[PDB]
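Trainee: give me the fold of what follows.
(6 chains, ligands or ions: 2)
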Amino acid sequence: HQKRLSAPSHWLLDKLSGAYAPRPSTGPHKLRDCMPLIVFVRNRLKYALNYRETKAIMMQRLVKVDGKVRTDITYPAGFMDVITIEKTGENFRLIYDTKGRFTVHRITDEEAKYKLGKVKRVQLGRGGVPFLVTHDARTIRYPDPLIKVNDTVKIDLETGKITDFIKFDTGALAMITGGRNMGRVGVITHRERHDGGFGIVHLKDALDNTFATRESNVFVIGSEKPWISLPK
Amino acid sequence: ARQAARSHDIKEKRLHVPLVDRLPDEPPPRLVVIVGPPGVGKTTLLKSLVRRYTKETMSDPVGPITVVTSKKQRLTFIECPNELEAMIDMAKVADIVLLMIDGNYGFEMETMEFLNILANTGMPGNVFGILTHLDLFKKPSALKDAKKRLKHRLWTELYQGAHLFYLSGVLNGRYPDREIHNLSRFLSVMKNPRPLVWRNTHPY
Amino acid sequence: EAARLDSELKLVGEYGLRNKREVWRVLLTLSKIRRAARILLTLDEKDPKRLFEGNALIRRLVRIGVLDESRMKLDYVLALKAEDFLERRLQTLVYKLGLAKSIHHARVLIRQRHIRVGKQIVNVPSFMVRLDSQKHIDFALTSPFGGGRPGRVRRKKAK
Amino acid sequence: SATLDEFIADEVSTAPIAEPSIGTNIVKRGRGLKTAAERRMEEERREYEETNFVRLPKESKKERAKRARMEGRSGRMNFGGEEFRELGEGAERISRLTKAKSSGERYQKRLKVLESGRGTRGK
RNA sequence: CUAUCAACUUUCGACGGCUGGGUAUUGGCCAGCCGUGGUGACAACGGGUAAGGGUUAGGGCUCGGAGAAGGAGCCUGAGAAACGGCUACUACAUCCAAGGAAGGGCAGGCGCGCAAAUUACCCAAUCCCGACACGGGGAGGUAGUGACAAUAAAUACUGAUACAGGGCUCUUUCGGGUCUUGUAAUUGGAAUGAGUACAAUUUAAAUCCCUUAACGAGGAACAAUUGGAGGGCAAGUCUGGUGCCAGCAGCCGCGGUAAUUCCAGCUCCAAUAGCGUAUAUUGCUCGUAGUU
RNA sequence: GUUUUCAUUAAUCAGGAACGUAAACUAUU
Ligand SMILES: Nc1nc2c(ncn2[C@@H]2O[C@H](COP(=O)(O)OP(=O)(O)OP(=O)(O)O)[C@@H](O)[C@H]2O)c(=O)[nH]1
Ligand SMILES: [Mg+2]
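Mentor: Numbers count the residues shown, from 1 in each chain, chains lettered A, B, ... in the order given. Ligands and ions are numbered 1, 2, ... in the order given. Take a look:
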C-alpha cells in the first residue's frame, strides 16, 4: 500500500494513478527489482483502464508469463520475462534502458521461445545430484558441468532445459542491473577479485567510458551475439 | 502581553448582574415550547420527539408532555396553538423555545411576533430555530440560498451564531430519525435556566 | 492629503474607475516593477545579472505593451507610471477603439458581455490587454451589435 | 536559469516558437491569463485524458491547499500574460553560470627618408 | 552542552576461559569451577532535557518508546509476551424471583446565567484481505458552512427638446477672477445580469462548472452601507435679565392617524461591499582580586 | 645638579589598612 513516490523510479507512474501504488506480490523476482503485471498491462502498455478491467483480463486465460498462465494481478515479473498475449499475438520482453528504467520490447515466437537467465548458484542437491539456480529462481536438475556462477543460460521455456551458456569473461559484453551506474550496456574488460567480500569488475561501453561495477550487479548478455533483441 | 489582553477581555465577558437563582434541588421539568405559524408541523415535531424519547406513538398529543431525558433533568413539551393569547401566555412561561420556520415560504409574522414578544417579556436561555419543509424544493442551489438567507435573518433577529436545524422530509408521517436525534442531542444536555426576575419572584 | 485626493480623483475620472482600491492596486504593481528596476540599476553595467534580468524586464514590459518600443532603457522603466498602466487596461482600450461612446459606456459593455478579446468574451474591465492582443477587441457574435438575435428590448418591442 | 532559457529561445536559437491564438489562454471570462508555464501544464493534464480516457476530478481540496500556498511563499506575480520573477536567488544563478563559462618593409622607408637631402624649411 | 561531575564497574556478573542449560541460533544470556579484572582527563561516569536521514539549481518530496481497570501466570499462530481471550487476587459497576449471572473503548455537548465550522454521501476511482472475477474495508475521494483573510465587480448607458440666467473661485472680501451651467422639466432609444428556469450533461447518486430554449428594469424600484461636519423650523418647552435680547435645545404644536404629502426625498467631506468605536500601543593616602 | 646605578620593575582601583557647633549669596591651549 505504498505511495506513488515511494514506488521505485524504474517502473514509471505518472500523475494519474492516484496517490497510491500497488505492491508486487511475493514471487521469483525481488521487490525493488520488479514490474507487477498490473503496471505492465494498464500503466505501461495501457491495454486496460481500471483494476477491475485488469482483473477481467487476468482471470480468463489470456495472459501467459514465462510460458505459463499467471492469474493473480500483482505477480512479479522483474527481468526478461517473456509475456505472451495470444489474442493480440504479441510477446513482450523486459530489458532496461541507458537511464535506468524498464523497457518493453515487442517480439514474435522465435525470440520469444527462450530465456537468457543468469546463474545464481550451483550445488549438490538431494539424491547426490548437481542442480542449478538462476535469478528467476529456476532450478535445473543435472546441468552442463561447466556452467558455474555468473554464467548465463538459454532456457528452453517449453521444457525448461539448458540449450546454451555464456561464460563470465573479460571481453564479453554485459548489462548492468544495479548500483549507481545502473543500466549501461558495455563490455567487461577487467575484473578485480577483492577476496574478503564485494569484488568488482571494470567495464567500458562501446564509446570509452570506464567504470567499476560489482560482480553481483553485472549480468552477462553476450560477447557480440545479441541473443535477445535490444531495441534499435 | 496579548495573552493577558485576551484573558482580560474574556474575564470581562464572563460577567453579568448577580441575580438570584431560585432553583430547587429536585427541579421541575423544563418547559419546551413548539412555536410557529399555522401549518408548519408543530404537532408532527411533538410526535417525533416523544417517539424519540419514550418510544410511544401518540396519535393525537395534546397538553404538556413530561419526559425523562436524563437521570437529573427532565423536559416537558407544550405546543403553542396558533392564537396570540396562547403565544403571549406561554412566552413568559417557556424555558427553552423551538421556533419553527417554514422553509421555502420564508419567515412569517407569527414567528417574528413571538420572537419580539419573548424578547420584550423575558429572554430564556435556549431558543433553537427549526427550519422545516425543505423537501418542497426543486433546485438544491435555491435550497442552500434559502438556508443561508433564513439563517442570517434569524441571526439578526435573536443573536449571532444561533442553532438552526434543518428537518428535511416526512417519511412515516413523523420525521427523519437522524435529524431529530441530533436535535435531541442539542436539547438533551442542558444548563441551568437564566435567572429571570419574574419567574424568580412569582410562583407559577 | 489633498494632493493624494486630487491625484486619485484625476485617475478615477480620467479613466472610468470605480473606487480608489483599483488605483492603489495599480500603484502597488507599478511600485513592484519600479523597485525591480531600481535594484537592477544598483549593479554596474555589463554585469550578467543586470544584463539578462534587465533584458527580461524590458522585453516583458514591451510585450505587455506598457513601455514603448522606442525607449528600451532601465531608466525609462524607472520613469514608468500608473497612467500608462490604466491606459493599458481593457476598458479604456474599448473607449479609445471607439466601440463605446464614453468610458462608463465601455465599462457597461464589458460587464454585460458584448466585447470579446480574441476568441473568448471578457467579463472583467480591468483585463490587462497586451500589445499583440490589442487589435482583436470587437463585439461578440452573440451580441446584438455583433449579430444573432436582435435582443431584449427589441424583442419586447417587436412582439 | 529561468531568465537565461528564454533568452536562447527568442534571441539566439533560430526556431519559431508556437504562439496561441489570442483568445485561447483566457481562463474564466478574463479573470486570469494563462502564463506560458501554466498553459504547458494544461496540455499535460489534457494529453493524459486520451491515453486511457478516464476522466479526472478537477483538482481537489488537498492539491488546492498546496498550490495556492505556493503563491504565499513566492515573489512571483502575473501582471499580464507574462510572469514577473523576483530578483532574489534567480538572479544570482545568471552570475553563477557565466563564471564557469568564462573558466622587412620598415627599414626601406627609413633609408628612403635618409637619402633625399630635405624637402624645404619652415614655410 | 557541561568538570559546582574524577573516578566508575565488581551493589541483578564486573572482564575472561572451561563445562552444560535454555533459545530458532551465537553470546555471562543463565547455572557450577577457577583466574584478576574492565573503563577513565585522547574525556569514562554523572548531571542538564530543550528527543534528524535520503532525494542535491531551489523549494518541495520521502522515511523515522510505554498501555489497553492494576500487578501475577497461561493459550493460538510462520510471525504477538496479541491484550484478542482465560484463572486467581485487588478495585468499580449491572440484572434478579435474593439461590445466582454477565461486564470493563473512543467520539459529542456543557464546562457562567450569554451562544458562533456537518451528528452529510459513497467504495465510484488508487489500495488491501479472503475457498475466491461477485464477498468484505473508518485509508481515500465527493458534498455542506465561512466578511478571518484573499480574488474579480453589479446597483445603470446614451440622445433630443423646452425653460431658466447664473454657475464657480480667491491672496487681500462691502473687493477682485472666469465663462456656459442647471431643472423634482417633457420625451425617446437601446443594453441587460442577479433572479426565475425547460432540458441535456457532470457524477457511485447528486451538486458545482461548461453548454442552454423561455421569461427577467423605470425609482412608489430587483430598495448600499458606514462614519464625520454644517445650515434651515413652531400660536411648543426650559433657563438667564436694568423691554423686542441671548443660550440650551426642539419626534412633544390648535385640530387630526386614512389625518397628513411636508427641506418632499437639506448641504458638504471620506471610505465604499465594506466601515466605525474602545484599550494596548508602535575627608585624603597606601593597597589586593581585576583592567590597560 | 651629577662625570650615579638594577632595566620593567610600572598606571588604575573590587576587598582592606593609616591618619580626622556647623551651613547661610555663589596632547596642547
Ligand atoms: N414535505 C413536508 N411536509 C411537512 C413537513 N412538516 C410537516 N409537513 C406536513 O404538513 C402538515 C402539517 O401538519 P402539522 O405539522 O400537524 O401542522 P401543525 O401546525 O404542526 O399543527 P396545527 O398547528 O394543528 O396545524 C402535515 O400533514 C405534514 O405531513 C416537512 O418538513 N416537509
Ligand atoms: Mg399542535
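Trainee: since we're on residue 104, how many residues are nearby?
Mentor: Using chain A here. 14 (other Cβ atoms under 10 Å in any protein chain shown). Heads up, the C-betas are built off the backbone N, CA and C, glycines and all.
Trainee: please go with chain C instead
Mentor: By other Cβ under 10 Å, neighbour count at residue C:104 equals 12.
Trainee: can you show me the helices along the chain?
Mentor: Using chain A here. With DSSP state H as the criterion, chain A has helices at A:37-38, A:51-58, A:109-112.
Trainee: try chain C instead
Mentor: Going by DSSP H, chain C shows helices at C:2-14, C:21-42, C:48-63, C:74-78, C:82-88, C:90-97, C:103-111, C:152-158.
Trainee: reformat the ones you listed as JSON lines; add distance to chain D.
Mentor: As requested, the helices of chain C are exported to JSON lines (distance: least, Cβ to the nearest Cβ, whole Å):
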{"stretch": "helix C:2-14", "distance to chain D": "18"}
{"stretch": "helix C:21-42", "distance to chain D": "5"}
{"stretch": "helix C:48-63", "distance to chain D": "4"}
{"stretch": "helix C:74-78", "distance to chain D": "12"}
{"stretch": "helix C:82-88", "distance to chain D": "8"}
{"stretch": "helix C:90-97", "distance to chain D": "8"}
{"stretch": "helix C:103-111", "distance to chain D": "8"}
{"stretch": "helix C:152-158", "distance to chain D": "20"}
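Trainee: looking at those, which is closest to residue C:140?
Mentor: Proximity to residue C:140 (Cβ to Cβ) singles out helix C:103-111 among the helices of chain C, at 10.2 Å.
Trainee: what's that closest one in contact with?
Mentor: With contact meaning Cβ atoms under 8 Å, 6 or more residues apart in numbering or on different chains, helix C:103-111 is reached by C:15-16, C:90-92, C:94-95, C:99-100, C:115, C:122-125, C:127.
Trainee: and it with RNA strand E, contact?
Mentor: Yes - residues of helix C:103-111 are located near RNA strand E by Cβ under 7 Å from any atom of the strand, namely C:104-105, C:107-109, C:111.
Trainee: count of neighbours near the residue lying closest to residue B:132 once chain neighbours are set aside?
Mentor: Counting by Cβ to Cβ, 6 or more residues apart in numbering or on different chains, residue B:167 is the residue found nearest to residue B:132 once chain neighbours are left out, at 4.7 Å. Per other Cβ under 10 Å, the neighbour tally for residue B:167 reads 22.
Trainee: likewise residue C:74?
Mentor: Other residues lying near residue C:74 total 19 when counted by other Cβ under 10 Å.
Trainee: contacting residues around whichever residue of chain C sits closest to chain D?
Mentor: Nearest residue of chain C to chain D: residue C:119, at 2.5 Å (Cβ to the nearest Cβ). Residues in contact with residue C:119 (Cβ under 8 Å, 6+ apart) are D:21-24, D:26.
Trainee: what about 10 Å?
Mentor: C:136, C:140, D:20-26 (Cβ atoms under 10 Å, 6 or more residues apart in numbering or on different chains).
Trainee: what residue is smack in the middle of chain A?
Mentor: Taking Cα atoms, centre = their mean, the centroid of chain A lies closest to residue A:79, which sits 1.5 Å from it.
Trainee: fine, thanks again, bye for now.
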